[PDB]
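1. Turn this into a structure:
(2 chains)
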Amino acid sequence: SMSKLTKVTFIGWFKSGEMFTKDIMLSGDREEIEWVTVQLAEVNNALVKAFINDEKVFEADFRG
Amino acid sequence: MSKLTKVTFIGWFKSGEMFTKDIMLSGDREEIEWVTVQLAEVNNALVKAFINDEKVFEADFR
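-> Numbering: from 1, shown residues only, chains lettered A, B, ... in the order given. Have a look at this structure:
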């Protein structure tokens, strides 16, 4: 929620095998998390996994 | 090769800046635990170790 933000840890792999990672605070729920994941992956031509409380909740692979 | 696994480490410096490392290790958990602790202690960081996207160890030296 807005009053209790969800902390999502994103882990990304570029096609090169190089990695990136970010913590993002989100006020929404499933749809937002998925959209943000897809956008992160697509913009970066990457595989991106979303984690909440150390558990994988979604992933999107745009490495091709 | 059957004795090896790729392990994904995520780390947080005390500043909150993050790092993430993909490291091939022995599949035996004692080794993965040792590397988790070493990475955390050397970098004065919180480090989490993931295998097959499951968190298996965590060490905090912030």
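2. Tell me how far residue A:56 lies from chain B.
-> Computed as CB to the nearest CB, to the nearest Å, the residue A:56 to chain B distance reads 4 Å. Yep, even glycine has a C-beta here, placed from its N, CA and C like the rest.
3. show me what contacts the nearest residue to that residue once chain neighbours are set aside?
-> Spatial nearest neighbour of residue A:56, excluding adjacent residues (CB to CB, 6 or more residues apart in numbering or on different chains): residue B:53 at 4.5 Å. When contacts are counted by CB atoms under 8 Å, 6 or more residues apart in numbering or on different chains, residue B:53 is found next to A:49, A:51, A:56, B:8.
4. Is residue A:48 bridged to anything, and to what?
-> In this entry, residue A:48 is beta-bridged to residue A:12, residue A:60, by DSSP bridges.
5. what do you get for residue A:22?
-> With DSSP bridges as the rule, residue A:22 is bridged to residue A:10.
6. In a strand, residue A:37, correct?
-> No - counting by DSSP: H, G, I helix; E, B strand; the rest coil, residue A:37 is not part of a strand but helix.
7. Distance of it relative to chain B?
-> 14 Å.
8. again with residue A:31
-> Using CB to the nearest CB, we find residue A:31 at a distance of 22 Å from chain B.
9. does that residue sit in a helix or strand, and which one?
-> Assignment of secondary structure by DSSP states H and E places residue A:31 within helix A:30-43.
10. Off-centre distance for that helix?
-> From the chain centre to the centre of helix A:30-43 is a distance of 6 Å (CA atoms, centre = their mean, to the nearest Å).
11. C-alpha coordinates for that helix, CSV please?
-> Output in CSV follows, covering the C-alpha atoms of helix A:30-43 (Å, rounded to 0.1, in the frame of the first residue of the first chain):
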residue,chain,number,x,y,z
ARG,A,30,0.4,-7.8,-8.6
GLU,A,31,-0.2,-5.8,-11.8
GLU,A,32,2.2,-3.1,-10.9
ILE,A,33,5.0,-5.5,-9.9
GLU,A,34,4.5,-7.5,-13.2
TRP,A,35,4.5,-4.3,-15.4
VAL,A,36,7.5,-2.9,-13.7
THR,A,37,9.3,-6.2,-14.2
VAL,A,38,8.4,-6.4,-17.8
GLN,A,39,9.5,-2.8,-18.4
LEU,A,40,12.8,-3.3,-16.6
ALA,A,41,13.5,-6.4,-18.6
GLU,A,42,12.4,-5.0,-22.0
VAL,A,43,14.3,-1.6,-21.6
